[PDB]
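Take a look at the structure below.
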Amino acid sequence: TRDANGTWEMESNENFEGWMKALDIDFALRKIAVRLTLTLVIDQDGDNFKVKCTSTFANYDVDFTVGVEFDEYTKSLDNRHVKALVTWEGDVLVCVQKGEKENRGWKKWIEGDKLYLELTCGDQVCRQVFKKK
Ligand SMILES: *C/C=C/c1ccc2c(c1)C(C)(C)c1cc(N(CC)CC)ccc1-2
């Protein structure tokens, strides 16, 4: 349950527009993003992660090592520089993105066949559920 490897198909997506609005994503782009099918592919080898989020139009890929801070430029998202850090809190995978936005990051809970993802920015929380294909 610390093993997030898999191809993950989105099955629920709560308050996605509110989270994108907290990031100041263009209303235009928000309009398109809500309609698109998103696939989350995770390749994990020990502390080494490669995450790829893919849709018809957008692509968001990141690689990181657990417990090692890394500069991130969210080029395909809100286009901001953050100092990111991913750690384990028990079996919860937790990302903090330090920068302009407060309470910015995400958390991942892997429960067997299902992956729960909460994305946070400011006062907004988006809740997603994925099933392993
Ligand atoms: C552990 C999961 C983290 C994470 C990081 C970044 C993104 C996501 C998940 C997605 C799948 C929710 C996602 C989607 C998007 N686009 C729409 C706004 C689509 C590619 C960007 C970034 C992330």
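Ligands are counted one by one from 1 in listed order, and the atoms in each one are counted from 1 as well. All heavy atoms count here, side chains included; hydrogens, waters and symmetry mates do not. Residues take their numbers from the sequence shown, with the count starting at 1.
- In terms of protein heavy-atom proximity, atom 18 (C) of ligand 1 is closest to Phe16 CZ, 3.5 Å.
- With hydrogens left out, the protein atom closest to atom 21 (C) of ligand 1 is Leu77 CD1, 3.8 Å, a heavy atom.
- Geometrically, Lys107 does not engage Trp109 in a cation-pi contact, judged by NZ or CZ lying under 6.0 Å from the ring centre and within 45° of the ring axis.
- Looking from atom 9 (C) of ligand 1 to the surrounding protein, the closest heavy atom is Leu117 CD2, 3.5 Å.
- When hydrogens are left out, the protein atom nearest atom 2 (C) of ligand 1 is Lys108 NZ, 2.5 Å; that is the closest non-hydrogen contact.
- A side-chain donor from one of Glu9 and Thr39 sits under 3.5 Å from a side-chain acceptor of the other.
- For atom 12 (C) of ligand 1, the nearest protein heavy atom (residue, atom name, distance) is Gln128 OE1, 3.2 Å.
- Both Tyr60 and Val86 sit in one connected hydrophobic cluster of ILVMFWY residues. Membership requires side-chain heavy atoms under 4.5 Å apart, directly or through other members.
- Taking the six-membered ring for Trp and thresholds of 30 and 60 degrees, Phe64 and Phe49 have nearly parallel ring planes, at less than 30 degrees apart.
- The protein heavy atom nearest to atom 7 (C) of ligand 1 is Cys53 SG, 3.7 Å.
- Under the 4.0 angstrom criterion, atom 15 (C) of ligand 1 counts as lacking any protein heavy-atom contact.
- When the options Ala33, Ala58, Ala4 are ranked by their closest heavy atom to atom 20 (C) of ligand 1, first place goes to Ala58.
- Using a cut-off of 4.0 Å between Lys/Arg side-chain N and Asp/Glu carboxylate O, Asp91 and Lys108 are scored as not salt-bridged.
- Between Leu77 and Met20, the closest side-chain pair of non-hydrogen atoms is not below 4.5 Å.
- Summary of contacts: the protein heavy atom closest to atom 19 (C) of ligand 1 is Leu38 CD2, 3.2 Å.
- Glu72 and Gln97 are linked by a side-chain donor-acceptor pair at a separation below 3.5 angstrom, with hydrogens and angles left out of the test.
- Counting protein heavy atoms only, atom 22 (C) of ligand 1 is closest to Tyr60 CG, 3.5 Å.
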